[PDB]
Amino acid sequence: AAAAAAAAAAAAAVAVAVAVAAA
Amino acid sequence: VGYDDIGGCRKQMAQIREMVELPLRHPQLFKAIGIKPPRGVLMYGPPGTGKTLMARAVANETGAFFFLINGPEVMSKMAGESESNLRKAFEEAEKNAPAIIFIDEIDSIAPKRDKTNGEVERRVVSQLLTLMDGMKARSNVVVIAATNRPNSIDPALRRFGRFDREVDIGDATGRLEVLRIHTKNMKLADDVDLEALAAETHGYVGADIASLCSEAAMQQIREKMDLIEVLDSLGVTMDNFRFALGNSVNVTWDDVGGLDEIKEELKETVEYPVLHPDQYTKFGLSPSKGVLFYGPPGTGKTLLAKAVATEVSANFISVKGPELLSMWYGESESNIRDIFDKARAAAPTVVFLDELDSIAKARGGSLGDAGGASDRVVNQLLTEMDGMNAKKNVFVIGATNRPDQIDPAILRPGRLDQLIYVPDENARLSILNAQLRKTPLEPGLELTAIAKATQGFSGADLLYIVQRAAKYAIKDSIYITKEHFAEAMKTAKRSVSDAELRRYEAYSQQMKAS
Amino acid sequence: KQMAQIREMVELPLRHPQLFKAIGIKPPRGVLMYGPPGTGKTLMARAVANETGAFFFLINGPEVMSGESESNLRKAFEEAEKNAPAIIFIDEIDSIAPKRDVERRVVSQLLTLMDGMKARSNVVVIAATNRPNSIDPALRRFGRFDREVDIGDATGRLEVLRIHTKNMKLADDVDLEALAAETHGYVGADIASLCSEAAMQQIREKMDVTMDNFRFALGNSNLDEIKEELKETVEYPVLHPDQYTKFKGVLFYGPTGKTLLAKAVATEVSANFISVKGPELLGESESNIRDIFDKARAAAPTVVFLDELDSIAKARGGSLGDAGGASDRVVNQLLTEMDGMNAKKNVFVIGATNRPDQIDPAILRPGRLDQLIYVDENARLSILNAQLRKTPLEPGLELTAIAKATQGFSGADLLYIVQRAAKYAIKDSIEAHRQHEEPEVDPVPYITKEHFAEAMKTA
Ligand SMILES: Nc1ncnc2c1ncn2[C@@H]1O[C@H](COP(=O)(O)OP(=O)(O)O)[C@@H](O)[C@H]1O
Ligand SMILES: Nc1ncnc2c1ncn2[C@@H]1O[C@H](COP(=O)(O)OP(=O)(O)O)[C@@H](O)[C@H]1O
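Residues numbered from 1 in each chain as written, not as in the entry; some residues may be left out. Chains lettered and ligands numbered in written order. Part of a larger assembly, values for the part shown. Heavy atoms only, no water. Residues with missing side-chain atoms left out of burial classes, pairs and counts.

- Structure determination for this entry is recorded as cryo-EM, at 3.3 Å resolution.

Quick look at the structure:
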């Protein structure tokens, strides 16, 4: 007989950065 | 491949060859001296230089097993799989025999562990560190790396025992050797001179030369099969190579008219250090680098810079004045540093900074954000032009129309030592002759009369007149006739006023008196 | 030209390999086929496969997966290398190559298998794609794919028609030239759907294939001297340069149809066209103009219609601010990316404005953009008659009164007049319909003169 198996590895996220303006 | 298939990278190739083969050829020497040899190399340089070719050649010349690992290939999204891939690769390499592991583009899988956010990157970094160093880490197997930016790697990876050796794989003789070795298997011709190729292709990395040769060889057959013993008398000629190059300016000491003394001085000061390094080493002194041009606009300063850049085998990086400033904090200085790093990364090179009045501006004091930005830009330029550098071969050439607004730190000797002034009918005759080189002319036209009626025009005005004459000739067609010049002469511009001429004369007189 | 190029590239390295070896060049081995969909890349692949008795191992894109994709790639390459000097067709490479920025493993396998072909293999590869941008530059590197063709008609459409419909009891009164002429944009499969729907309509006709079946199967499927010189001048400039060798730009200004003239250029000039608005393109503000002109020079020839030039140039001068610095950088980018156009790559910039005062004389200089086209009653009558083409007009109506009353107007506000007349007629129709809730199908089927006389009140 056969059998199943579960697997959950990872995902992908998004970050936000701040910049500085010298006019 | 083999050791004979490598050219130009002579010293680094020899160093890698000895450090890899001496353990393999005979380990008795290292047993006698009682020290283990280095077991890691970090190659760095621009892409397409021949680094993986060198690794493959060394692996072929020795009884090794070249195993290639790509950066993006091994990285995956699954958890605990990329590390398993690296472990399996190392186990395979160590299983069979003493081998060479070439892991390409490690910078993609070595993000310094601080600027990254994905846990898989840190995990594979740690796996690499454990594999290279640790309990029974390596047993007679060497690893080779490759990257474009060696800075973006873990400090733990640039340690001894992992990447103890760093090799810089970045000239004319190497380029000629590559040309010779890439055309060894084809009979090109009898009148093809490789000196022009080694002098004209002055910006080729080395992998582009193979593409150039293949393209020329393919185009030779492409042009020699439209109509068609045929195998006899086959091969490429100079025309095919020129076409391949056509598929970085086109001037040679002819498009510039007049200014003979300026031409001679520039030619001497630029060609002497390039042609005779031996003489300067005997005299034990460095050459002058900087030249500044000032005068009215549209006089031919860019043309002169291109004309003095072309005869040498140097590159040419022309940047406008305001073509680098940014609204952000530290972007202009980053651009300046990148420009100079590129300029000194391919020696010799001439850098043409245009409109210094926009960059220098005589920083002094302005009390503003723009003032601070100008101060920082000026300081960065000052440090790069003459600072904690090596000044191998860099020829900064300046060009502005308002030298009075330059700080006395860039005009200082050693940065822009030569203060050349660029200012006649006899010169205008030469300018017209150089402009009308390849043109069907009429015997009846007299350029002397045209030059006599200028009385203070610039080369831009002469080019405008020539363009109007060409437009009239094309309008008539749809040789150049005299009436086109007659009707185009009336519509003169004379964009340069008189007060600016007085200002330039005063500046030149003050400089001469100083 | 593309057929002659691909015929040379599939005949000369495949029949005379010894001659190819004799030259001493071993690069031709990979050909790429890009372009818009429905042009005939799969048809050229089938013609290549049916003009040669060589082996033909077709492998499509997503049919390679099930560690067996690498085994499938190695199996296909060793099968094509083992039998004969042959050709491999890899259709829809955009699924296998995901531009890289098990897919990484199969891309690395295709890279190391395309590179590992020696002189004794003598096999070439052909690959078709739909979009030309989502391909690896490592796949477009020197060694695998360098010679791409750009397959960018009525005779081929007649050939496809005579290929498909010749296997049916067709008719006795058909002219397939008319079916090839009236069908304009179909490609490959839509003509097959046309014949299939013709058969379906014939079966629907004889249940409750003549020309009429194909007819509604096609129907049920999917400033005179100024325009003469402008069109004529553009044609002469983009024509053969041999006359020019023996011996680009334009500007509109006025109070009239300048953007209308640019639209008429954009439709009926037989050249490419790329248009941007005025302040639409505002380091990123220079990178926008840089890659817009890169897109222009890539698809040569083209027309870059810069609408509302004053907003961009503004005659840089002195403004002394952040807006002044942005204006100076925009003007310098435009000047240094237009003056670098030689006789090659033949782009052509068309400008239009309302205020010609505020344009920069540094952009009105000779050598960059020197022409100055200055831009009536008959054109107004023609504009009103062209706007009212597909409109049920009232028969007792003349537009010469609207042409004579309106003097200094323009095409956009003439469109506004026609749209206000349509709005008033729609209001009358919905009011009559709710009042009726029998009249005809429409109580006001045509736009009367009263609707125009009430719509011109607020014009
Ligand atoms: N020094 C060299 N000698 C001979 N061939 C070279 C050299 N440098 C580059 N090449 C050519 O460039 C091609 C690919 O270069 P490669 O070494 O893969 O680039 P990279 O250095 O980025 O790995 C090879 O086929 C090789 O013939
Ligand atoms: N002495 C000269 N001989 C030939 N052409 C010239 C000369 N001076 C100027 N020109 C022409 O006029 C133009 C001058 O532009 P450029 O030198 O870049 O401006 P600037 O002189 O302000 O640096 C060039 O295109 C060049 O062909």
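**Points about the overall build of chain B**
Here's step 1: When helices and strands are tallied, chain B shows 21 helices and 10 strands.
Here's step 2: Relative to a compact globule of 514 residues, whose C-alpha radius of gyration would be 24 Å, chain B shows 30 Å and is clearly more extended.
Here's step 3: The principal-axis extent of the C-alpha atoms belonging to chain B is close to 90 × 80 × 55 Å. (Helix = DSSP H or I, 4+ residues; strand = E, 2+ residues; numbered from the N terminus. Rg over C-alpha atoms; globule rule 2.2 N^0.38 Å.)

**Quick word on the packing of aromatic side chains**
Residue and element names in this part refer to chain B.
Here's step 1: A ring pair is formed by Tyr-294 and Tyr-421, whose centres lie 5.1 Å apart and whose planes are at 40°; its orientation type is tilted. Of this pair, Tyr-294 sits in strand β6 (residues 291–294) while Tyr-421 sits in strand β10 (residues 418–421), and the two are 127 residues apart along the sequence.
Here's step 2: On the basis of an interplanar angle of 70° and a centroid distance of 5.2 Å, the ring pair of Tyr-294 and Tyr-507 is categorised as edge-to-face.
Here's step 3: What links up through ring pairs into an aromatic cluster is the set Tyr-294, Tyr-421 and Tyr-507.
Here's step 4: Here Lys-282 stacks its cationic end above the ring of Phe-283, 3.9 Å away from the centre of that ring.
Here's step 5: The positively charged end of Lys-493 is found above the aromatic ring belonging to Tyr-464, 4.7 Å away from the centroid. (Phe/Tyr/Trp six-rings, centres within 6.5 Å; stacked < 30°, edge-to-face > 60°. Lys NZ or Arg CZ within 6 Å of the ring centre and 35° of its normal.)

**Comments concerning the UniProt feature "binding site: ATP 2" in chain B**
Here's step 1: The residues that UniProt annotates with the feature "binding site: ATP 2" are B:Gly298, B:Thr299, B:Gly300, B:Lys301, B:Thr302 and B:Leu303.
Here's step 2: Along the chain, the position of B:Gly300 falls in the loop between β6 and α13 (301–310). (UniProt positions renumbered as here; feature names shortened; annotations may be inferred.)

**Points about the interface of chain A and chain B**
Here's step 1: Contacts between chain A and chain B engage 8 residues on the former and 9 residues on the latter.
Here's step 2: Residues belonging to the side of chain A that touches chain B are distributed by class as follows: 8 nonpolar, no polar and no charged. (Contact = heavy atoms within 4.5 Å. Nonpolar A, V, L, I, M, F, W, Y, C, P; charged D, E, K, R; others polar.)

**Things to note about the pattern of salt bridges**
Residue and element names in this part refer to chain B.
Here's step 1: With a shortest N-O distance of 3.2 Å, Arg-437 and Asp-255 are connected by a salt bridge.
Here's step 2: The salt bridge partner of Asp-407 is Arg-363, with a shortest N-O separation of 3.0 Å. Of this pair, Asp-407 sits in the loop between β9 (395–400) and β10 while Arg-363 sits in the loop between α15 (356–359) and α16 (369–385); the two residues are 44 residues apart in sequence, bridging distant segments of the chain.
Here's step 3: A single network of salt bridges, built from pairs that share partners, joins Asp-386, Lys-391 and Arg-412. (Salt bridge = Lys/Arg side-chain N within 4 Å of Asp/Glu carboxyl O.)

**Examining the sheet that holds β10(B)**
Across a sheet, strands are paired by hydrogen bonds formed along the backbone, either parallel or antiparallel in direction.
Residue and element names in this part refer to chain B.
Here's step 1: Reading across from one edge, β7-β8-β9-β6-β10 is the order of the 5 strands in this open sheet, with parallel pairing throughout. Of all strands in the sheet, those bounded by a partner on one side alone are β7 (315–319) and β10. Adjacent strand axes in the sheet meet at a mean angle of 20°, parallel and antiparallel pairs treated alike.
Here's step 2: Two elements, β6 and β10, share 4 bridges in a ladder whose sense is parallel. Bridge pairing in β10 links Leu-292 to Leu-419. (Pairing = 2+ DSSP bridges. Axes fitted to C-alpha atoms, helices over the stretch in contact; angles between N-to-C directions.)

**Description of the pairing of β7(B)**
Residue and element names in this part refer to chain B.
Here's step 1: Bridge count for β7 against strand β8 (residues 349–354) is 5 bridges, and the pairing is parallel. If you follow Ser-318 over to β8, its bridge partner there is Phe-352.
Here's step 2: Handedness of the crossover joining β7 and β8 through helix α14 (residues 331–345): right-handed. (Right-handed = clockwise from strand over helix to strand, strands pointing away.)

**Comments concerning the UniProt feature "binding site: ATP 1" in chain B**
Residues and elements named next belong to chain B.
Here's step 1: In the numbering adopted here, UniProt assigns the feature "binding site: ATP 1" to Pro-47, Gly-48, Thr-49, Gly-50, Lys-51, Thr-52, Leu-53, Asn-148 and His-182.
Here's step 2: Excluding residues that lie within four positions of it along the chain, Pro-47 makes contacts with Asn-148 and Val-205.
Here's step 3: Those residues in contact with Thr-49, other than ones at most four positions away along the chain, are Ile-169, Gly-170 and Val-205.
Here's step 4: A distance of 2.4 Å separates the side chain of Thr-49 from the backbone oxygen of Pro-46, its partner in a polar contact. (Polar contact = N/O pair within 3.5 Å; in protein donor to acceptor, adjacent residues only side chain to side chain.)

**Regarding the interface of chain C and chain B**
Here's step 1: Listed by partner, the interface residues are 15 residues for chain C and 18 residues for chain B.
Here's step 2: Where the side of chain C that touches chain B is concerned, the elements lending two or more residues are α2 (17–23), α6 (103–115) and α12 (242–246) of chain C.
Here's step 3: For the side of chain C that touches chain B, the element with the highest residue contribution is α6(C), accounting for 3 residues.
Here's step 4: A breakdown of the residues in the side of chain C that touches chain B according to their chemical character gives 8 nonpolar, 3 polar and 4 charged.

**Some points on the sheet that holds strand β5 (residues 147–150) of chain C**
Residue and element names in this part refer to chain C.
Here's step 1: Spatially, the 5 strands line up as an open sheet ordered β2-β3-β4-β1-β5, and their pairing is parallel. The strands lining the two open edges of the sheet, one partner per strand, are β2 (56–60) and β5. Shown here is a sheet whose adjacent strand axes are inclined to one another by a mean of 20°, direction ignored.
Here's step 2: Summarising the sheet, strand β3 (residues 87–91) and strand β4 (residues 124–128) pair through 5 bridges and their orientation is parallel. If you follow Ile-88 over to β4, its bridge partner there is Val-125.

**Quick look at the environment of B:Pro47**
Here's step 1: Inspection of the secondary structure puts B:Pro47 in the loop between β1 (41–44) and α3 (51–61).
Here's step 2: In this structure, the C-alpha to C-alpha distance between B:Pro47 and B:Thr147, residues 100 residues apart in sequence, is 8.0 Å.

**Topic: the environment of B:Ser332**
Residues and elements named next belong to chain B.
Here's step 1: Tracing the backbone shows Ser-332 in helix α14.
Here's step 2: Between the alpha carbons of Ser-332 and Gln-380 there is a distance of 9.3 Å; along the sequence they are 48 residues apart.
Here's step 3: Discounting residues that sit within four places of it in the chain, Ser-332 has contacts with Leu-324, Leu-325, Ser-326 and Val-377.
Here's step 4: A distance of 3.5 Å separates polar atoms of two side chains, one belonging to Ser-332 and the other to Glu-333.

**Here we look at the packing of helix α7 (residues 172–182) of chain B against helix α9 (residues 207–223) of chain B**
Residues and elements named next belong to chain B.
Here's step 1: Contact geometry for α7 and α9: axes closest at 10 Å, N-to-C directions at 40°. Accordingly, the angle class assigned to the pair α7 and α9 is oblique. For the element pair α7 and α9, the recorded crossing hand is right-handed. Across from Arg-175, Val-178, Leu-179 and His-182 in α7, the residues of α9 making contact are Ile-209, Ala-210 and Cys-213. (Parallel < 35°, antiparallel > 145°, perpendicular 65-115°, else oblique. Left-handed = near helix turned anticlockwise from the far one by under 90°.)

**Thoughts on the side chain of B:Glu384**
All names here are of chain B.
Here's step 1: Examined against the element boundaries, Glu-384 turns out to sit in helix α16.
Here's step 2: Only 3.1 Å separates the side chain of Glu-384 from the side chain of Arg-344, close enough to count as a polar contact.
Here's step 3: When sequence neighbours within four positions are dropped, the list of residues in contact with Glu-384 reads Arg-337, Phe-340, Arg-344 and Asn-389.

**Let's talk about unusual backbone geometry**
Here's step 1: Residue B:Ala347 is joined to B:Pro348 through a cis peptide bond whose omega torsion reads -5°.
Here's step 2: On the secondary structure map, B:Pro348 appears in the loop between α14 and β8.
Here's step 3: Following C:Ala300, the chain continues into C:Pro301 via a peptide bond in cis, with omega recorded as 0°.
Here's step 4: Mapped onto the elements, C:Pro301 comes out in the loop between α14 (284–298) and β8 (302–307).
Here's step 5: Phi at B:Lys391 takes a positive value of approximately 40°, unusual for a residue other than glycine.
Here's step 6: As for its position among the elements, B:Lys391 is in the loop between α16 and β9.

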